[PDB]
Amino acid sequence: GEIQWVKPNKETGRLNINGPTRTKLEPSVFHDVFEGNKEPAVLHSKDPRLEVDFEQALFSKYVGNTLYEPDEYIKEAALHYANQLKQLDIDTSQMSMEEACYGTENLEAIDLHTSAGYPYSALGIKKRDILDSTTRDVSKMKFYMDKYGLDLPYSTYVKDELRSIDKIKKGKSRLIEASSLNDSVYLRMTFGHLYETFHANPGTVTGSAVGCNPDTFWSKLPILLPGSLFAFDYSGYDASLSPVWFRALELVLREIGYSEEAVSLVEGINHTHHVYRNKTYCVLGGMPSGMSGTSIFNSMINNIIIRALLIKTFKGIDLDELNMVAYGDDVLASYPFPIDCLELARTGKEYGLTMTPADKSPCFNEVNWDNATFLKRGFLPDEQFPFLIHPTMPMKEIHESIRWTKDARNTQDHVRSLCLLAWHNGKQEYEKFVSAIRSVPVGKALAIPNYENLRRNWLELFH
RNA sequence: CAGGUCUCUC
RNA sequence: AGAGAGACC
Ligand SMILES: [Zn+2]
């Protein structure tokens, strides 16, 4: 992706979008009980921790575009992924506006506890003023999509979250490109049934792990991904996507049966306008982060990328022997013979993608089940039942999370969630985590799950 | 102060 | 149906 132009809001006739300025994070009661390095990301031009210009750092993620139209490798990739999707028989029909707003069994309702985006945000109209879970009326909604249309700008906010020390100094805070309620509705009407299919089928037919539960999905993964594993990291995947990958997505959608009017919505994803504070700007390429289907489309595009990288980099690849799952930019894949990701990464740069080793070292060392990570978690066979696989969140990540809070009223739930993650690293680490928690007054007041109970409940998931 | 998935609590 | 937390693009 690449910023094509920047204009003042006076010039564009767009109203201003000023997000919050101060972090809601504070040191928790456990801040000094565990070691950690992360702090709240920079949210403001004049944060004293900054060491470069803040806004230059913010938009530096748009590294530019390379290919704009598919080559033979990307077209064979899109078609191969498309035919694979056909076995799911996705309903390419339009979803009812009622179901698109209020949800089905496999589609969650529009989040009514959150902003309605441009222009409703600036005019003080909240989602709850238009939609209502009880009446399920779409009448007010239909009026406002006719009042305001589609293809409305994304509102930009800086994301309030923990970041490493190095990303705070270099102003590398993340951004939220918030969609307008009208566009989430129309995207949900167009692709709602595809979202349903994807949510219900995490695995290697969708090629997507959206909807997976790591507690149970991890045991399936070595079976779904036989043979030699490959994986790597992307730098700023979403923002690095050139328009070729949105063209490629258009071919996948067409081949699985989508009408031309449905497929036309992709150009409105590839070419988007955004308002940050007092300025409008155009972005060509790049997936918007706050869009309906961001996770699924990023995941679908990743299935195209991996396939096209394979057949362009190496001779004699049979794409039918590829197995992979993606959760947006995160990928774990398998092929019957090892795949050299140093060569994949070189082909990647030509497609405008920056790919680095999985182990965060400089060398593309071997990925196997003892060091693979997915959604930040490792794979650890159970000592008693070696076919059941524990997802292992590193204790370093759990330490980082526990040291801070946005609302100390929910300390207990926060700690409980971290204990549901931590015990997979084994009894020794878990009791050492619990003891460290119990070492401060609030820690002695929390209902902490007992290790044996966590293990019992997990075993019972498999019966 | 966005789009989602997952899990937990009366 | 109401409330939270974890991880994600
Ligand atoms: Zn434009």
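Hydrogens, waters and symmetry mates play no part in the numbers below; they use all other heavy atoms, side chains included. Sequence lines set the chain letters: A, B, ... in the order given, protein chains first and strands last, and positions in each chain run from 1.
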State which of [options] makes the closest approach to the side chain of [X].
{"X": "A:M393", "options": "C:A7, B:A2, C:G4", "value": "C:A7"}
{"X": "A:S133", "options": "C:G2, B:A2, C:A7", "value": "C:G2"}
{"X": "A:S295", "options": "C:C9, C:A7, C:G4", "value": "C:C9"}
{"X": "A:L375", "options": "B:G3, B:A2, C:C8", "value": "C:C8"}

Whole-Å distance separating the [atom1] atom of [X] from the [atom2] atom of [N]:
{"X": "A:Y234", "N": "C:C8", "atom1": "OH", "atom2": "P", "value": "17 Å"}
{"X": "A:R188", "N": "B:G3", "atom1": "CZ", "atom2": "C1'", "value": "9 Å"}
{"X": "A:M287", "N": "C:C8", "atom1": "CE", "atom2": "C1'", "value": "14 Å"}
{"X": "A:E177", "N": "B:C1", "atom1": "CD", "atom2": "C1'", "value": "14 Å"}
{"X": "A:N410", "N": "C:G6", "atom1": "CG", "atom2": "P", "value": "9 Å"}
{"X": "A:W218", "N": "C:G6", "atom1": "CH2", "atom2": "P", "value": "18 Å"}
{"X": "A:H414", "N": "C:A5", "atom1": "NE2", "atom2": "P", "value": "9 Å"}
{"X": "A:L162", "N": "C:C8", "atom1": "CG", "atom2": "P", "value": "12 Å"}

Exercise for the section: Determine whether A:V205 and A:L85 make a side-chain contact, defined as any pair of heavy atoms from C-beta on separated by less than 4.5 Å. Expected result: no
Problem - Distance-only polar pair, side chains of A:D407 and A:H414, donor-acceptor under 3.5 Å - result: no
Taking [M] as the reference, what is the distance to [N] when you measure between their [atom1] atoms (whole Å, please)?
{"N": "B:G4", "M": "C:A5", "atom1": "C1'", "value": "16 Å"}
{"N": "C:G2", "M": "B:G3", "atom1": "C1'", "value": "23 Å"}
{"N": "B:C1", "M": "C:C9", "atom1": "P", "value": "24 Å"}

Practice task
For atom NZ of A:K432, decide whether the heavy atoms of other residues, nucleotides or ligands shown that lie under 6.0 angstrom number more than 12.
Solution key: no
Practice task
Inspect the surroundings of NZ in A:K444 and state if more than 12 heavy atoms from other residues, nucleotides or ligands are less than 6.0 Å away.
Solution key: yes
Exercise for the section: Check the pair A:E196, A:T104 against side chain to side chain donor-acceptor pair (under 3.5 Å), reporting the backbone distance first and the verdict last. Expected result: CA-CA 8 Å; A:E196 290 180 325; A:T104 53; 2.4 Å; yes
Problem - Aromatic ring proximity, centroids under 6.0 angstrom, A:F191 and A:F297 - result: yes
Practice task
Output yes when at least one side-chain N/O atom of A:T294 is less than 4.0 Å from OP1 or OP2 of B:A2, else no.
Solution key: no
Exercise for the section: Return no unless some side-chain N or O of A:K127 is found under 4.0 Å from OP1 or OP2 of B:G3. Expected result: yes
Practice task
Please list every stem that involves RNA chain B, where a stem is a run of 3 or more consecutive Watson-Crick or G-U wobble pairs with both pairing distances under 3.5 Å.
Solution key: none
Exercise for the section: Tell me what A:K376 touches on the nucleic acid: a base, only sugar-phosphate, or nothing, going by heavy atoms under 4.0 Å. Expected result: sugar-phosphate
Exercise for the section: Pick base, sugar-phosphate or nothing for A:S289, based on heavy-atom distances below 4.0 Å to the nucleic acid. Expected result: base
Practice task
For nucleotides 5-10 of chain B, just jot down a letter per nucleotide in 5' to 3' order: B, S or -, based on protein non-hydrogen atoms under 4.0 Å.
Solution key: SSS---
Exercise for the section: Check whether any side-chain N or O of A:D91 sits under 3.5 Å from a backbone N or O of A:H193 as a donor-acceptor pair, and report yes or no. Expected result: no
Problem - A:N453 backbone acceptor or donor facing A:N457 side chain under 3.5 Å - result: yes
Practice task
Please list, chain by chain and in numerical order, all residues satisfying side chain to side chain contact (heavy atoms under 4.5 Å, CB included) with A:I3, sequence neighbours excluded.
Solution key: A:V6, A:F59, A:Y62, A:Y281, A:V283
Problem - Pairing of A:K61 and A:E2 as salt bridge, 4.0 angstrom limit - result: no
